[PDB]
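One file, my_file.cif, carrying mmCIF, C-alpha atoms and all ligand atoms:
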data_entry
loop_
_atom_site.group_PDB
_atom_site.id
_atom_site.type_symbol
_atom_site.label_atom_id
_atom_site.label_comp_id
_atom_site.auth_asym_id
_atom_site.auth_seq_id
_atom_site.Cartn_x
_atom_site.Cartn_y
_atom_site.Cartn_z
ATOM 1 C CA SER M 1 0.000 0.000 0.000
ATOM 2 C CA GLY M 2 0.978 3.669 -0.267
ATOM 3 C CA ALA M 3 0.194 6.986 -1.925
ATOM 4 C CA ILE M 4 1.740 10.255 -3.111
ATOM 5 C CA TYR M 5 0.244 13.347 -1.438
ATOM 6 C CA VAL M 6 0.916 16.429 -3.632
ATOM 7 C CA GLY M 7 -1.165 19.618 -3.327
ATOM 8 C CA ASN M 8 -4.801 18.534 -2.914
ATOM 9 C CA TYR M 9 -4.275 15.237 -4.731
ATOM 10 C CA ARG M 10 -3.790 11.631 -3.557
ATOM 11 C CA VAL M 11 -2.066 9.390 -6.172
ATOM 12 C CA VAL M 12 -2.581 5.635 -5.649
ATOM 13 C CA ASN M 13 -2.389 2.369 -7.640
ATOM 14 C CA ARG M 14 -5.780 2.147 -9.441
ATOM 15 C CA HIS M 15 -6.064 -1.495 -8.334
ATOM 16 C CA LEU M 16 -5.824 -0.459 -4.628
ATOM 17 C CA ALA M 17 -8.162 2.593 -4.808
ATOM 18 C CA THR M 18 -10.779 2.792 -2.054
ATOM 19 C CA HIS M 19 -14.496 3.669 -2.355
ATOM 20 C CA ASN M 20 -13.634 7.146 -0.998
ATOM 21 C CA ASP M 21 -11.069 7.530 -3.825
ATOM 22 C CA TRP M 22 -13.727 6.658 -6.481
ATOM 23 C CA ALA M 23 -16.261 8.999 -4.845
ATOM 24 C CA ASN M 24 -13.707 11.909 -5.012
ATOM 25 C CA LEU M 25 -12.196 10.996 -8.376
ATOM 26 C CA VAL M 26 -9.973 13.384 -10.343
ATOM 27 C CA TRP M 27 -8.468 11.033 -13.001
ATOM 28 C CA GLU M 28 -7.830 7.330 -13.580
ATOM 29 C CA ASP M 29 -6.075 5.267 -16.230
ATOM 30 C CA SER M 30 -6.230 1.446 -16.147
ATOM 31 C CA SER M 31 -3.411 1.170 -18.757
ATOM 32 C CA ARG M 32 -1.055 2.968 -16.317
ATOM 33 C CA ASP M 33 -2.462 1.420 -13.041
ATOM 34 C CA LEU M 34 -2.981 4.970 -11.688
ATOM 35 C CA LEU M 35 -5.850 6.802 -9.965
ATOM 36 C CA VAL M 36 -5.874 10.314 -8.465
ATOM 37 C CA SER M 37 -8.480 11.496 -5.942
ATOM 38 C CA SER M 38 -8.989 14.886 -4.254
ATOM 39 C CA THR M 39 -7.980 15.630 -0.620
ATOM 40 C CA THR M 40 -9.127 18.134 2.005
ATOM 41 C CA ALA M 41 -5.606 18.582 3.506
ATOM 42 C CA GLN M 42 -2.551 19.769 1.481
ATOM 43 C CA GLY M 43 0.242 17.200 1.050
ATOM 44 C CA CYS M 44 4.010 17.512 1.345
ATOM 45 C CA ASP M 45 5.366 15.446 -1.529
ATOM 46 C CA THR M 46 6.803 17.236 -4.600
ATOM 47 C CA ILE M 47 6.897 15.670 -8.079
ATOM 48 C CA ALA M 48 10.214 15.287 -9.920
ATOM 49 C CA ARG M 49 10.332 16.968 -13.383
ATOM 50 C CA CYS M 50 13.430 15.345 -14.891
ATOM 51 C CA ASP M 51 14.832 12.366 -16.862
ATOM 52 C CA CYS M 52 16.681 10.622 -13.932
ATOM 53 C CA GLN M 53 17.192 6.867 -14.318
ATOM 54 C CA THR M 54 18.633 6.356 -10.787
ATOM 55 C CA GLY M 55 16.728 6.807 -7.508
ATOM 56 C CA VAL M 56 15.582 5.137 -4.293
ATOM 57 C CA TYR M 57 12.379 3.188 -3.617
ATOM 58 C CA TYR M 58 10.570 2.011 -0.458
ATOM 59 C CA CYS M 59 10.027 -1.749 -0.118
ATOM 60 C CA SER M 60 7.410 -2.485 2.609
ATOM 61 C CA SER M 61 8.184 -6.244 2.565
ATOM 62 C CA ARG M 62 11.719 -5.404 3.798
ATOM 63 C CA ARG M 63 11.004 -2.132 5.720
ATOM 64 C CA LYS M 64 13.866 -0.698 3.650
ATOM 65 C CA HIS M 65 14.662 1.936 1.022
ATOM 66 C CA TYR M 66 16.883 0.637 -1.829
ATOM 67 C CA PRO M 67 18.871 2.516 -4.459
ATOM 68 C CA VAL M 68 18.037 1.416 -8.000
ATOM 69 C CA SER M 69 18.777 2.062 -11.673
ATOM 70 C CA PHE M 70 15.527 1.965 -13.703
ATOM 71 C CA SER M 71 14.503 1.918 -17.388
ATOM 72 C CA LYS M 72 12.760 4.818 -19.105
ATOM 73 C CA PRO M 73 8.910 4.779 -19.059
ATOM 74 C CA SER M 74 7.747 2.215 -21.629
ATOM 75 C CA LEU M 75 4.954 -0.123 -22.754
ATOM 76 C CA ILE M 76 5.623 -3.501 -21.043
ATOM 77 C CA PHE M 77 3.725 -6.794 -20.986
ATOM 78 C CA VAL M 78 2.385 -7.596 -17.513
ATOM 79 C CA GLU M 79 1.012 -11.109 -16.963
ATOM 80 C CA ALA M 80 -2.632 -11.779 -15.856
ATOM 81 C CA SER M 81 -3.078 -11.197 -12.144
ATOM 82 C CA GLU M 82 -6.057 -11.036 -9.718
ATOM 83 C CA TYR M 83 -6.365 -7.292 -10.628
ATOM 84 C CA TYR M 84 -5.920 -7.184 -14.432
ATOM 85 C CA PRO M 85 -5.936 -9.580 -17.438
ATOM 86 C CA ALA M 86 -2.704 -10.119 -19.452
ATOM 87 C CA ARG M 87 -2.021 -6.738 -21.016
ATOM 88 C CA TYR M 88 0.491 -4.104 -21.859
ATOM 89 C CA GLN M 89 0.941 -1.475 -19.112
ATOM 90 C CA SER M 90 2.134 1.946 -20.263
ATOM 91 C CA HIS M 91 4.537 4.472 -18.627
ATOM 92 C CA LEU M 92 6.130 1.592 -16.639
ATOM 93 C CA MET M 93 9.834 1.558 -15.537
ATOM 94 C CA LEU M 94 11.647 -1.618 -14.471
ATOM 95 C CA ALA M 95 14.515 -2.145 -12.031
ATOM 96 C CA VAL M 96 16.274 -5.008 -10.281
ATOM 97 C CA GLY M 97 15.014 -5.027 -6.695
ATOM 98 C CA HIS M 98 12.928 -7.030 -4.257
ATOM 99 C CA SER M 99 9.200 -6.744 -4.515
ATOM 100 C CA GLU M 100 6.059 -8.702 -3.416
ATOM 101 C CA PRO M 101 2.325 -8.220 -3.696
ATOM 102 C CA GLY M 102 1.669 -5.713 -0.994
ATOM 103 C CA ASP M 103 4.661 -3.508 -1.965
ATOM 104 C CA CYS M 104 2.542 -1.566 -4.525
ATOM 105 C CA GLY M 105 2.338 2.109 -3.573
ATOM 106 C CA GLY M 106 5.881 2.469 -2.284
ATOM 107 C CA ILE M 107 7.526 5.686 -3.556
ATOM 108 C CA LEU M 108 10.395 5.858 -6.021
ATOM 109 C CA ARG M 109 12.248 9.222 -5.679
ATOM 110 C CA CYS M 110 15.293 10.957 -7.148
ATOM 111 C CA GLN M 111 17.195 14.145 -6.233
ATOM 112 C CA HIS M 112 14.312 16.220 -7.802
ATOM 113 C CA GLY M 113 11.373 14.655 -5.944
ATOM 114 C CA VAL M 114 8.864 11.789 -6.387
ATOM 115 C CA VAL M 115 9.224 9.865 -9.667
ATOM 116 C CA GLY M 116 6.490 7.224 -9.307
ATOM 117 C CA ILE M 117 5.084 4.318 -7.234
ATOM 118 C CA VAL M 118 5.610 0.544 -7.157
ATOM 119 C CA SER M 119 3.064 -1.108 -9.533
ATOM 120 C CA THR M 120 4.508 -4.537 -10.646
ATOM 121 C CA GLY M 121 7.343 -6.980 -9.777
ATOM 122 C CA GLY M 122 8.411 -10.601 -9.186
ATOM 123 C CA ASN M 123 11.596 -12.685 -9.477
ATOM 124 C CA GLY M 124 13.895 -9.958 -8.350
ATOM 125 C CA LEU M 125 12.342 -7.220 -10.511
ATOM 126 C CA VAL M 126 10.268 -4.228 -9.425
ATOM 127 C CA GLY M 127 8.229 -1.974 -11.770
ATOM 128 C CA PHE M 128 7.177 1.629 -11.133
ATOM 129 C CA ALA M 129 4.328 3.653 -12.600
ATOM 130 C CA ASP M 130 5.880 6.982 -13.684
ATOM 131 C CA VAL M 131 4.104 10.227 -12.700
ATOM 132 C CA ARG M 132 6.663 12.805 -14.007
ATOM 133 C CA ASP M 133 4.665 13.567 -17.169
ATOM 134 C CA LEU M 134 1.470 14.469 -15.155
ATOM 135 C CA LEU M 135 2.175 18.189 -15.039
ATOM 136 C CA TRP M 136 -1.291 19.072 -13.742
ATOM 137 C CA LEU M 137 -0.400 17.456 -10.341
ATOM 138 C CA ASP M 138 1.579 20.738 -9.651
ATOM 139 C CA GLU M 139 -1.469 23.070 -9.858
ATOM 140 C CA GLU M 140 -5.320 23.568 -9.489
HETATM 141 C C1 LIG V 1 1.660 -10.807 -9.448
HETATM 142 O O1 LIG V 1 1.917 -9.690 -8.607
HETATM 143 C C2 LIG V 1 2.836 -8.770 -9.178
HETATM 144 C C3 LIG V 1 2.360 -7.803 -10.277
HETATM 145 O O2 LIG V 1 3.146 -7.500 -11.153
HETATM 146 N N1 LIG V 1 1.060 -7.428 -10.338
HETATM 147 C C4 LIG V 1 0.016 -7.636 -9.315
HETATM 148 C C5 LIG V 1 -0.708 -6.319 -8.968
HETATM 149 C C6 LIG V 1 -1.150 -5.585 -10.236
HETATM 150 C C7 LIG V 1 0.067 -5.364 -11.164
HETATM 151 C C8 LIG V 1 -0.242 -4.505 -12.375
HETATM 152 N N2 LIG V 1 0.195 -3.251 -12.311
HETATM 153 O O3 LIG V 1 -0.804 -4.981 -13.374
HETATM 154 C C9 LIG V 1 0.575 -6.750 -11.545
HETATM 155 C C10 LIG V 1 3.616 -8.009 -8.125
HETATM 156 C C11 LIG V 1 3.335 -6.664 -7.901
HETATM 157 C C12 LIG V 1 4.203 -5.873 -7.170
HETATM 158 C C13 LIG V 1 5.360 -6.410 -6.672
HETATM 159 C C14 LIG V 1 5.620 -7.760 -6.833
HETATM 160 C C15 LIG V 1 4.746 -8.589 -7.526
HETATM 161 C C16 LIG V 1 5.011 -10.073 -7.564
HETATM 162 ZN ZN ZN V 2 15.364 13.488 -11.009
#
Kindly present the structure from the file in C-alpha cells form.
Ligand SMILES: CO[C@@H](C(=O)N1CCC[C@H](C(N)=O)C1)c1ccccc1C
Ligand SMILES: [Zn+2]
Amino acid sequence: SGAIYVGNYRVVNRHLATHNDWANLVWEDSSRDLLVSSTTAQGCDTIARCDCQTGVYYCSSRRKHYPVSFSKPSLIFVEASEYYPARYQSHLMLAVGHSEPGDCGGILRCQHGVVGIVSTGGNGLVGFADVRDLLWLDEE
C-alpha cells in the first residue's frame, strides 16, 4: 500500500483505490495502473520533473529503502493477475530489486522529488508507474 500526497491530490495504484477515492475521483487510467483522488488537507510530496534513471524506492516487505537504476517509461507486458488480465501497461519503468504483492504504492524518488510508485514486480524485478509527465499534479 501507499500513496503520493501532492497539493490537494492523492495518487494511488488504481487497483488499490478505495471507495472514498472513487467517490472523489480526479483522473484514472487502467493502462497505467494509476488513480488520483482529491484531498481536504494539502500534502508535502513534490513531483520530480526530470529524466533521472537512478533513484531510491521504499520496499514495505523489507522495511527498507533501496537505491536502484531503472529503465525509461515504456509499454511492457504484464502477466494476468487477480487485478488485471494479461495486457500491456504503459509508462512503466523496471529495475532489479525485491518486490512482493503488498509492496505496490511504495515511492520511487530521485534528487528532484517523487518519480512514481511501485506497480509490478516478481523474481527480483520491481516496476514503477511513472508520474513525471502528469504536469497538472503541480497546480489547481
Ligand atoms: C503478481 O503480482 C505482481 C504484479 O506484477 N502485479 C500484481 C498487482 C497488479 C500489477 C499490475 N500493475 O498490473 C501486476 C507483483 C506486484 C508488485 C510487486 C511484486 C509482484 C510479484
Ligand atoms: Zn530526477
Practice task
Run the PyMOL selection byres (((chain M and resi 6) around 9) and not hetatm) against the file shown and list the residues it catches, as a ChimeraX atom specification.
Solution key: /M:4-5,7-11,42-47,137-138
I'd like the contact shell of residue 93 (chain M) - 7 Å cut-off, only C-alpha atoms, skipping same-chain residues fewer than 5 positions apart - returned as a PyMOL selection string. chain M and resi 70-74+127-130
Kindly save the residues from that selection, with C-alpha atoms included, as a tab-separated table (two decimals), keeping the file's coordinate frame.
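Output (selection-v5.tsv):
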chain	number	residue	atom	x	y	z
M	70	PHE	CA	15.53	1.96	-13.70
M	71	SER	CA	14.50	1.92	-17.39
M	72	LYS	CA	12.76	4.82	-19.10
M	73	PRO	CA	8.91	4.78	-19.06
M	74	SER	CA	7.75	2.22	-21.63
M	127	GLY	CA	8.23	-1.97	-11.77
M	128	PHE	CA	7.18	1.63	-11.13
M	129	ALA	CA	4.33	3.65	-12.60
M	130	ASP	CA	5.88	6.98	-13.68
Q) What does the PyMOL selection byres (((not hetatm)) within 10 of (chain V and resi 2)) select in this file, as a PyMOL selection string? A) chain M and resi 47-55+109-115+132
Selection near residue 118 (chain M), 12 Å with only C-alpha atoms, sequence-local residues under 4 positions removed, as a PyMOL selection string:
chain M and resi 1-4+11-16+32-34+56-60+70+92-95+97-109+114+122+125-131
Expressed in Å, the length from CA of residue 62 (chain M) to CA of residue 96 (chain M) is 14.8 Å
Using only C-alpha atoms and all ligand atoms, the shortest atom-to-atom distance to ligand LIG 1 (chain V) among M:120, M:41, M:21, M:85 belongs to M:120
| query | In Å, with one decimal, what is the gap from CA of residue 78 (chain M) to atom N1 of ligand LIG 1 (chain V)? | reply |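 Atom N1 of ligand LIG 1 (chain V) lies at a distance of 7.3 Å from CA of residue 78 (chain M).
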Cut-off 6 Å around (1.6, -1.6, -18.4) with all atoms listed in the file: residues as a list in words: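 Protein, DNA and RNA residues close to (1.6, -1.6, -18.4): residues 31, 32, 75, 76, 88, 89, 90 and 92 of chain M.
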Could you put an axis-aligned box around every listed atom of ligand LIG 1 (chain V), padded by 8 Å on each side, and send me its centre and edge lengths in Å to one decimal, as AutoDock Vina command-line options?
--center_x 2.2 --center_y -7.0 --center_z -10.0 --size_x 22.8 --size_y 23.6 --size_z 22.7
To one decimal place, how far is atom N2 of ligand LIG 1 (chain V) from CA of residue 77 (chain M) in Å?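 Computed distance, atom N2 of ligand LIG 1 (chain V) to CA of residue 77 (chain M), equals 10.0 Å.
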- Rank nothing, just name the residue among M:40, M:20, M:123, M:69 nearest to ligand LIG 1 (chain V), using only C-alpha atoms and all ligand atoms.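 Under the stated criterion, the closest residue is M:123.
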So, with all atoms listed in the file as the atoms that count, which of M:117, M:67, M:84, M:134 lies closest to ligand LIG 1 (chain V)?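 Ranked by minimum distance to ligand LIG 1 (chain V), first place goes to M:84.
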Margin query: From the options M:63, M:30, M:68, M:18, which residue's atoms come nearest to ligand LIG 1 (chain V), counting only C-alpha atoms and all ligand atoms?
Written below: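 Of M:63, M:30, M:68, M:18, the one nearest ligand LIG 1 (chain V) is M:30, counting only C-alpha atoms and all ligand atoms.
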Min atom-atom distance to ligand LIG 1 (chain V) from the set M:17, M:64, M:28, M:82, counting all atoms listed in the file, belongs to M:82
Name the closest residue to ligand LIG 1 (chain V) among the candidates M:139, M:24, M:124, M:119; distances are taken between atoms, counting all atoms listed in the file.
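So, comparing all the options, the nearest one is M:119.
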Could you extract region 2-64 of chain M of the given structure into a file holding C-alpha atoms, as a PDB file, in the first residue's frame?
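Produced file decode.pdb, reproduced below:
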ATOM      1  CA  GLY M   2       0.978   3.669  -0.267  1.00  0.00           C
ATOM      2  CA  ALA M   3       0.194   6.986  -1.925  1.00  0.00           C
ATOM      3  CA  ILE M   4       1.740  10.255  -3.111  1.00  0.00           C
ATOM      4  CA  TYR M   5       0.244  13.347  -1.438  1.00  0.00           C
ATOM      5  CA  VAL M   6       0.916  16.429  -3.632  1.00  0.00           C
ATOM      6  CA  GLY M   7      -1.165  19.618  -3.327  1.00  0.00           C
ATOM      7  CA  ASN M   8      -4.801  18.534  -2.914  1.00  0.00           C
ATOM      8  CA  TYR M   9      -4.275  15.237  -4.731  1.00  0.00           C
ATOM      9  CA  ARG M  10      -3.790  11.631  -3.557  1.00  0.00           C
ATOM     10  CA  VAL M  11      -2.066   9.390  -6.172  1.00  0.00           C
ATOM     11  CA  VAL M  12      -2.581   5.635  -5.649  1.00  0.00           C
ATOM     12  CA  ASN M  13      -2.389   2.369  -7.640  1.00  0.00           C
ATOM     13  CA  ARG M  14      -5.780   2.147  -9.441  1.00  0.00           C
ATOM     14  CA  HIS M  15      -6.064  -1.495  -8.334  1.00  0.00           C
ATOM     15  CA  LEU M  16      -5.824  -0.459  -4.628  1.00  0.00           C
ATOM     16  CA  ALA M  17      -8.162   2.593  -4.808  1.00  0.00           C
ATOM     17  CA  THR M  18     -10.779   2.792  -2.054  1.00  0.00           C
ATOM     18  CA  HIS M  19     -14.496   3.669  -2.355  1.00  0.00           C
ATOM     19  CA  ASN M  20     -13.634   7.146  -0.998  1.00  0.00           C
ATOM     20  CA  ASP M  21     -11.069   7.530  -3.825  1.00  0.00           C
ATOM     21  CA  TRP M  22     -13.727   6.658  -6.481  1.00  0.00           C
ATOM     22  CA  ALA M  23     -16.261   8.999  -4.845  1.00  0.00           C
ATOM     23  CA  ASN M  24     -13.707  11.909  -5.012  1.00  0.00           C
ATOM     24  CA  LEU M  25     -12.196  10.996  -8.376  1.00  0.00           C
ATOM     25  CA  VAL M  26      -9.973  13.384 -10.343  1.00  0.00           C
ATOM     26  CA  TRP M  27      -8.468  11.033 -13.001  1.00  0.00           C
ATOM     27  CA  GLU M  28      -7.830   7.330 -13.580  1.00  0.00           C
ATOM     28  CA  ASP M  29      -6.075   5.267 -16.230  1.00  0.00           C
ATOM     29  CA  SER M  30      -6.230   1.446 -16.147  1.00  0.00           C
ATOM     30  CA  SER M  31      -3.411   1.170 -18.757  1.00  0.00           C
ATOM     31  CA  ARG M  32      -1.055   2.968 -16.317  1.00  0.00           C
ATOM     32  CA  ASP M  33      -2.462   1.420 -13.041  1.00  0.00           C
ATOM     33  CA  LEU M  34      -2.981   4.970 -11.688  1.00  0.00           C
ATOM     34  CA  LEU M  35      -5.850   6.802  -9.965  1.00  0.00           C
ATOM     35  CA  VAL M  36      -5.874  10.314  -8.465  1.00  0.00           C
ATOM     36  CA  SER M  37      -8.480  11.496  -5.942  1.00  0.00           C
ATOM     37  CA  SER M  38      -8.989  14.886  -4.254  1.00  0.00           C
ATOM     38  CA  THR M  39      -7.980  15.630  -0.620  1.00  0.00           C
ATOM     39  CA  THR M  40      -9.127  18.134   2.005  1.00  0.00           C
ATOM     40  CA  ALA M  41      -5.606  18.582   3.506  1.00  0.00           C
ATOM     41  CA  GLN M  42      -2.551  19.769   1.481  1.00  0.00           C
ATOM     42  CA  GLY M  43       0.242  17.200   1.050  1.00  0.00           C
ATOM     43  CA  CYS M  44       4.010  17.512   1.345  1.00  0.00           C
ATOM     44  CA  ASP M  45       5.366  15.446  -1.529  1.00  0.00           C
ATOM     45  CA  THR M  46       6.803  17.236  -4.600  1.00  0.00           C
ATOM     46  CA  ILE M  47       6.897  15.670  -8.079  1.00  0.00           C
ATOM     47  CA  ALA M  48      10.214  15.287  -9.920  1.00  0.00           C
ATOM     48  CA  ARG M  49      10.332  16.968 -13.383  1.00  0.00           C
ATOM     49  CA  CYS M  50      13.430  15.345 -14.891  1.00  0.00           C
ATOM     50  CA  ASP M  51      14.832  12.366 -16.862  1.00  0.00           C
ATOM     51  CA  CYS M  52      16.681  10.622 -13.932  1.00  0.00           C
ATOM     52  CA  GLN M  53      17.192   6.867 -14.318  1.00  0.00           C
ATOM     53  CA  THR M  54      18.633   6.356 -10.787  1.00  0.00           C
ATOM     54  CA  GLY M  55      16.728   6.807  -7.508  1.00  0.00           C
ATOM     55  CA  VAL M  56      15.582   5.137  -4.293  1.00  0.00           C
ATOM     56  CA  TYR M  57      12.379   3.188  -3.617  1.00  0.00           C
ATOM     57  CA  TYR M  58      10.570   2.011  -0.458  1.00  0.00           C
ATOM     58  CA  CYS M  59      10.027  -1.749  -0.118  1.00  0.00           C
ATOM     59  CA  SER M  60       7.410  -2.485   2.609  1.00  0.00           C
ATOM     60  CA  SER M  61       8.184  -6.244   2.565  1.00  0.00           C
ATOM     61  CA  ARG M  62      11.719  -5.404   3.798  1.00  0.00           C
ATOM     62  CA  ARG M  63      11.004  -2.132   5.720  1.00  0.00           C
ATOM     63  CA  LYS M  64      13.866  -0.698   3.650  1.00  0.00           C
TER      64      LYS M  64
END
